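Chain naming follows the written order as A, B, C, D, E, F and G, and within any one chain the residues start at number 1.
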């Protein structure tokens, strides 16, 4: 089956810069069947480039199509706030009939920001049910690449927590994360000290926020 | 100019008109015939690659037959009949298609619909190619649909006649 | 290219369109006219020898009329208009027919059907010739039948209109 | 030869087929589109000046798009595609018309009918000119009538279909 | 105007079927080919199935082969997609788009219909449980926890919708039990704690649940 | 005001200027000056004046081809003109100059009907199709007996400006002589 | 599997080899070797190699015509090639040799865009239409800026063998350049 490789998977720029989105195919495909799309999470995807080079109606002149053989490129001359979204390349004719790329993410490049870490103990109203939840808030940081580790009595726990990342803000252009550590009320009383270890690129040393039960 | 070669392979057939391709005109295939209802579009349409080959083969068939062989395979004849046999811009169009990375016709493979019972055949349209590889069948499925629907509309008119 | 000369002899006629041949355009014959229903096939069909002569005579009629006579019968004009008046491959086809001992059209004699009462005329098709002798009337009787039947089908449509 | 360029501007339209003219292709005018019912006559008729310009603009659109720009605007390409894009005798006809003081087409101004409510458009026929002045609207009013009546007959067939 | 009218979303248990529809608006439907396209949660774009104009040839992706049945009614100008024997991974948003594969023009999907929410899960409809998240001692952060609810979505506001600055309603995640859960937090000044009352206004449109939890520091 | 009470007469005028990158465009400024534009920065100047620009009667084309310094695009359209000229037997009127790629060809028109000046003027009317009748008297009157008051036809290269004053640009001119090429020429 | 439930998709591939007696057939063997077959015992060999076969820079065509020893059929297709080549002003790359009818023409391609090597390569792609993209890089990418890694184009006569390895024979090639003949050539 044909494999569409979109590079890079994450892209950081600013309005007015040149975006060079690539798309690699496993087989020497036909240029005439390559197409590019812009996907906004709120609505349906929009066709930008069809036939590798042709621009669809309503697509601004800044978008451009290029490529031949196995290397195809979508290039935006100068960026705009509306252009910051996801982009997909496609090819029709091989297996599967409609091949789709991975997903090139276009985000605004904010100056590096440090996450404001907060830890939340499980509420007593929740422990009455029979299950505890430990929330570790990471607020307003850049970039999105951040790692959260859970240490229970200075002992790491893996797989028992769930992360959640918000989208880049409209004004400050930062991200936020909320890793929720879920444990049983019987096992939450089995321990005493709980902490989440935050490691970010904009951190000189890994910050750890903790709390003692009771 | 405009092509003017008229082919005639009506001898010993159910209806006058129509052309047949001998098993020596097709690679790894037996002989195939096409009805007069189909070849009639060759006298009208100025843009069918398969019609230009029919006039080219019917010329090759008649030239070898009705003219004594030259001493050393003279090319003087075909150079003066080329404009009356094919279309010089139909091949020039496929050049530009190939030049613009668009699937073109290299005049080798042709496809056509053929009914499973009544045996009615369509006019063979050219199978396109780009970077030396034929298009998959799914690349132009809607073209077959438009061509398969033309069969139904053309079938309707005979009963209406 | 493709011929583009459009003739107009509609003045003082029952219907617009149609062309007439003066008694000086025909040898040992008076003037003959043909309806707009017939000459309309000259703008479409790319293979009628009689239509190429109509455009050639209507050019000769207009060139002598609308251009002051040259000093010594200049040929510069007709050489540049020949491709827009006739079909260079229609004459080339008749060469190959003559070359292959096949009855060809030497552009002199033409035949046509003409109703005995209503006076409807067909488009004059060319009378063929081989080894310098015209074909007898019986050589292409089935061609007249196909042409005489076209008259009935064309007659039917007017009432259907 | 015979022109063979096929244009395709069907993306994002109600029906496949048809061509649109951008506001940069027209002087002092916004963009105008024409239905597939109209542009279909461009693949058939060998005598429409507006169809030759459509193939010329669709070539200019595709040539700039699908071929990297030459070093100093090379003319080698258009010289070999001219016979497959336009008709060399259609322009030669307008020469002879201008030469014979007959109103000719200088390929600039075109007229067309456009319904006041349903928005159906005809194929733009060329606005003629003689001694450097366009014909008044009344010079060819009967041509519009024959063209406006064709709209009614073409409208009737869709309901009959 | 050229549009595609989508419809057919819903929730089903794994094993049940679901029909997707898509009507044609303002274009010759029988002239174009129809395709189905889905997007799994937090995943890339995927191709489901395709049926040519005139419905002569049908194609499917190896995943939904057998479970899915694409059909079209060129008389009604409508596209359909039956999803017999659905599974867990089939939950996604689905789209119907038209295409034309011909010699004349390249491959593209220009006209698209809006999203179609399909959720295939064995869990049942349950209201949310709102647990507070308060801090303890110049700005602090407090929030709510919307845990164990089904299905999506849930809207959360703060202080009757007046408080908007610094609010972060996090995307919901699906727990191992098959129940969604999210947290809505807001950054507030430390000087207002114990003085400005903070309440989160959670509304669960499924089951019509309206919970107002008071978040106060411990 | 409306045809058949339901239809409107609407018009459109093509903007030929956008075809400059693909094909040359022909337009005339006034009676004397006529232009062919090849691109957006290069052009050719056809002019009709009583003043001679080349006194010598030579045409070293072979040398110009060796020292390839001209633009091939402009050499194509100047070769198309001379090849389109029929009945060219008086090579004394052929005066050319290509010093360092600066192309310039002159035709001696001062020499009755069917002269060597006739075929040159006929080719000129087709070359600048849009508005060439201004250079001749009763242009539609004749075809073979074509004559002007001027005595020299000078074709020099020039830079691109908005010279299209009397007529708009048009490729209809140049595209017509491509078929007349190497025809009616004697051995 | 069947279209409209009543129709079948069937195909046919034409055997171009049978047209050999009437028209020439063009086919390519590999990257370097390309062929035009005229008959069943005579052919022509187009090859692209970095090795030169003609050191001298002459082309005695007039002598070759006097001592008529070549095949007129092969002289027609070699004249068709050079006449189809546009913008041929560098006659230094033109090196020919016709000793006793043994025909052989060489083009010096080692010399940027629009060079004398461009028009020769363009004519070559049309001559061996079936499978000429293998000799160039990104053949569909360009038309005017056409270039290869090799430095010489040698066209020698050869005997007939089953050289059609990469592509099948086809007259579509040769029949296309018959209209481009004597066009875009300068005086």
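Here is the rule we go by: a contact is a pair of C-beta atoms (placed from the backbone, for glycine too) under 8 Å apart; a residue touches a chain by one contact, two chains touch by 3 or more.
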Chain pair showing more contacts of the two, D-F and D-G: D-F
Report the inter-centroid distance (CA atoms only) between subunit C and subunit D in whole Å. 29
Subunit B and subunit F, separation of their C-alpha mean positions in angstrom: 43
Cα centroid separation between subunit C and subunit E, in whole Å? 72
Note: subunit C residues in touch with at least two other chains are 1-3, 67, 80, 83
For subunit E, residue numbers touching 2 or more other chains are 32, 54, 56-57, 59, 100-102, 105, 107-108, 110
For subunit G, what residues touch not just one other chain but two or more? 2-4, 86-87, 114, 140-141, 143, 179, 183-184
Please give all chain pairs that are in touch with each other. A-B, A-D, A-E, A-G, B-C, B-D, B-E, B-G, C-D, C-F, D-E, D-F, D-G, E-G, F-G
Inside the complex, what are the residues of subunit D that reach subunit E? 6, 8, 10-16
Under the stated contact criterion, what part of subunit C meets subunit F in this complex? 1, 67-68, 70-72, 74, 76-77, 79-80, 83
Which residues of subunit G touch subunit F in the complex? 86-87, 89-91, 114, 182-187
Subunit B contact footprint on subunit D (complex, rising order): 1-6, 43, 62-63, 66-67, 80-81, 83-84
Residues on subunit A engaged by subunit E in the complex (per definition of touch): 32-33, 35, 37, 39, 43-47, 50-52, 54, 56, 88, 90-93, 96-103, 116, 118, 120, 122-123, 125-126, 129, 133, 135, 137, 139, 162-166, 176, 178, 180, 182
